[PDB]
């Protein structure tokens, strides 16, 4: 089976900084991508960033470009997402998920490009927000 | 950029009632992955590559489509089926999901 | 050793990532300090031909 | 990321006293370059590639090591030897130096 | 011999801007990399930036990423470091040094990559700080 947990999310300061975290086990974490999505209270799901294998690229969304940064440590198999200048409207139930299959295959620029990716394994719903 | 849109937004179904959920996009994609999530839980995958269903999911869920039109068909609706569903695309940027569809027991 | 390396695909503009098993005898590292990066035993001498 | 650490931080030696300085890191490196600097001056290099000494430096300085453990050996200590030394790595990022070691005449 | 001097450092405004400078002679400056290190008063040595032989594809430290930019002019054999939003905690005795050997050799992406680099020639200790 695939066991993955995430932590580090919680209360913070509006416009300050915070760093999330996510741990994975039971598979080759160095050969699989990692995605960070957000689910605002009462609404749908929203995707904000993705990290490629070997730390190749860090494609973000237009609403979070330049504010948040995703990094990974393949040696410790720990995935941590850095949050900077987070606003109160960014409150959501963030999730840590894994793609369908490994990056081994045809690609254009980054090793995992051009491959059917669907989130098959997810973690626990962590809540990230800011307050007084 | 591509933008997805689901229809209808809110639907109500009874026990054993045949319904149909649809997802559309502004451009053609290779496939659409359907999901389902419950309040406080993790979103699980049910149908991938528009035709293959996930492992361990019930056979009541089904779907098909091509081009810019896709759909999700639920043959039998149970009490647990009342949740929120989504549609996800992977062909082009920004990998956004659908508009979300809430299902409630009639 | 379970190796992993980049390789150019049939498309001249694209590439592919594959994995294969190689023996330690036909594997030579670039240096004796880094570790996990290796080369073929016959790469700085000539290019082998697949039978 | 690799982080270097020297030991001891502060040492005191007399004239002609045998001492030994050591530098350690969290990961293996190809070589460690030793340095020495005086207040208001430019840091000069003494031993490079862990075995070769610099040109014009005295023969009293020596060092060896492998893996994640490295050391600096001073056979004879003079009055001018009282300064601050460092260890530098080049294999991986961020090219940081050591923790620094202050030497004073006992 | 190798003669190299640096200037431009001194008093400035907290959070403002300043531009350092360094001149080199006696060797082929267009083929040797350049590094900028800083020694805070009473503490050890710290490295913050590095520049290639051609000027492009520079690497900086995490504490100075996005704040300080390094550039060079191979036509005049001069090197100048740009300082932006410098804080009072950034006070240090900066030094201008040259690497061991030139970038001629094997490399991965940038021409000077994969080469034993050790600072053999240094300049004069310049003091950069901010005040009222």
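So that you can tell them apart, the chains are marked A, B, C, D and E in the order they are listed, and the count of residues begins at 1 in each.
The rule is simple: a residue touches a chain if its C-beta (ideal position, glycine included) is under 8 Å from a C-beta of that chain, and two chains touch if they have at least 3 such contacts.
Asker: Which chains are in contact with both subunit C and subunit E?
Answerer: Shared contacts of subunit C and subunit E: D.
Asker: Measuring centre to centre, with centres taken as mean CA positions, what chain is farthest from subunit A?
Answerer: Greatest centre separation from subunit A goes to chain D.
Asker: Which pair, C-D or D-E, has more C-beta contacts?
Answerer: Contact tally favours D-E.
Asker: Calculate how many whole Å lie between the centre of subunit D and the centre of subunit E, each centre taken as the average of the chain's C-alpha atoms.
Answerer: 23
Asker: Please tell me the distance, in whole Å, between the geometric centres of subunit B and subunit E computed from their C-alpha atoms.
Answerer: 56
Asker: Provide the C-alpha centroid distance between subunit B and subunit D, rounded to the nearest whole angstrom.
Answerer: The mean C-alpha positions of subunit B and subunit D differ by 64 Å.
Asker: Taking each chain's centre as the mean of its CA atoms, how far is subunit A from subunit C in angstrom?
Answerer: The mean C-alpha positions of subunit A and subunit C differ by 32 Å.
Asker: By residue number and range, which residues of subunit D touch two or more other chains?
Answerer: 30
Asker: Among the residues of subunit A, which are close enough to touch at least two other chains?
Answerer: none
Asker: Using the touch definition from the top, which residues of subunit C touch two or more other chains?
Answerer: none
Asker: What topology does the chain contact graph adopt: line, ring, star, complete, or other?
Answerer: Chain contacts: open path, no cycle.
Asker: Once the touch criterion is applied, which pairs of chains come out as touching?
Answerer: Contact pairs between chains: A-B, A-C, C-D, D-E.
Asker: Mind listing the subunit D positions that touch subunit C in their complex?
Answerer: 28-30, 91
Asker: Quick check: in the complex, which residue numbers of subunit D touch subunit E?
Answerer: Touch list, subunit D to subunit E: 30-31, 33, 35, 37, 40-45, 48-49, 54, 84, 86, 88, 90, 93-100.
Asker: Which of the residues in subunit C end up touching subunit D in this complex?
Answerer: Its residues touching subunit D are 31, 33-35.
Asker: Would you pull the subunit A residues touching subunit B in the complex into a rising list?
Answerer: Those in contact with subunit B are residues 39, 43-47, 50, 59, 61-62, 95, 100, 116-120, 122-125.
Asker: Write out the stretch or stretches of subunit C touching subunit A in their complex.
Answerer: 4, 6, 9, 11, 13-19
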